[PDB]
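Heads up, the chain shows up twice below as structure tokens, two forms, tagged structure 1 and structure 2.
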Structure 1
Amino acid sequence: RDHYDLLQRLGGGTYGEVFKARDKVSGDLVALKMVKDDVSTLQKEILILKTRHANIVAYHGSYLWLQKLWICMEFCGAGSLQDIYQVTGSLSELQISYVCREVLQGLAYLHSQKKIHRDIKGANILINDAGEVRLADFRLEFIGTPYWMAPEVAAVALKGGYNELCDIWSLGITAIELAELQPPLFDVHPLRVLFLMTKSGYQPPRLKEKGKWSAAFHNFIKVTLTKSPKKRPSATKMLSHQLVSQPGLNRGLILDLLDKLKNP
């Protein structure tokens, strides 16, 4: 409050209470997230956030003022991939490929720290001005969006049991999302989507157009969208997949996309 100047509410309830702020001593842009009772318990949860990955939005500081918690993070100028594709349209196969590798690297770190993101979706993958892909590491708000749920997460509403492998399924849905501007079954009732997953003969989703994509992209979708969690590969195993281990994958693919965002 006394060090930063608030400028713009970001998310519109999607993120919660996020603010685009400017430092009075640096002038640099930051993201301030306000979280809705004890003093000693609050200072313990912050210390663990400073100990930091290339594909994770970096922590800056925390502020406990008048019953409000101010989580400070880095500002990704372009916003989320969803904000980007609402202007640029669908991403190229190589753009999606690079985005998947970067998300998979962030998930490898998160899952190694015994954490589960649980919300991997287009609107939760941020792209900074530098063309870098970053995820966010954080009675409470139920985390999860029906269309991006793994079958073991949807079924959890009857016969519980899920693990870090759900983020692999969510990344699979997000790959289809970045290609078709909508997840599979976006047009179908969320209970019906999460009900058809719980029935026999269930077929995991694929890209609508077969001819528009390569067999490696089609295999990445087949492999990440494995119905069985036991057979679904780990984030590190996925990193060696033909699609995300291609040689042309560089940050420039996103500097191209960010240029289309500026002037299409």
Structure 2
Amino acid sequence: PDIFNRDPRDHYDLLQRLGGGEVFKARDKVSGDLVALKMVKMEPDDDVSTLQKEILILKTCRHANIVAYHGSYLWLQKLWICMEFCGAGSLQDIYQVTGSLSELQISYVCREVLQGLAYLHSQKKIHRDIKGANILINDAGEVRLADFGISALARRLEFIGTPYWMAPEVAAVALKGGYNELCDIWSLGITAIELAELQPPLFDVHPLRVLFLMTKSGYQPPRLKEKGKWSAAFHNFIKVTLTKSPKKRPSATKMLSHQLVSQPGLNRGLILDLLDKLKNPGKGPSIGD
């Protein structure tokens, strides 16, 4: 897992707090390469073997659409995860300045996220948290999924020995959990709306009320507010990723052949366009020269 009991300041120069555990911009002391350092506060009763396993899940990822992992540092009951630095931050950080993404910019992001998701799911990993805040953009306009599952089955293993009085739905939860990797496909459909509208659907509704409505029978999956503005391909992409039944929701590899993400002309240049907007968001210079 490459977890070093050393102080991270020995190898890296902390530069600036990027966000919030806490993420910092850092420079490699020998090469001068920019990295990101995610600091996670560890409690004393935390199990070491469980931390090594979680870290190794990140370490064993070798895909272009998942942030690269360089190493980890355990010092002062604080874990420092060293990863690929993505200059433009998250898509949430970006759209909060630029406004709504265009249909082609979203199509390219969805394609890149789906490539990341197809790889994770083929390794039996579930991101579990796909949203604008967790999709990073580097200076080249490239898309990376941030780290997942760190400091997040054993309880469910206890009941497994006595299933004889269990209802079929309880037995299904006990054996495979109440969800699988297809939860990420639904989260990506919500993310595509988020990128188009600046908010996920029902964002103005109380957290608890949304949870209740989502579980309530007759629950209708979200849809894009405007119609004509978006192609039939984009509306269908949202409709199929937001399939209510996970038994009917398509896999990431199935989605990769969808018209919205398989169309020609989708490249990081679409994101470099968005980045240009980010660099100069306000109006041009006034008469005061």
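The term rigid core refers to the most C-alpha atoms you can superpose between the two forms while keeping them within 1.5 Å. Numbering for residues begins at 1 and runs along the sequence of structure 1.
The one residue among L165, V133, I96, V153 whose Cα position changes by 2 Å or more between the two structures, with the core held fixed by superposition, is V153. After superposition on the rigid core, the Cα of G144 moves by 2 Å or more between the two structures. After superposition on the rigid core, displacement of the C-alpha of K68 between the two structures amounts to 2 Å or more.
Relative to the superposed rigid core, the position of the CA of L42 differs between the two structures by 2 Å or more. The shift recorded for the CA atom of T198 between the two structures is 1.5 Å, with superposition on the rigid core.
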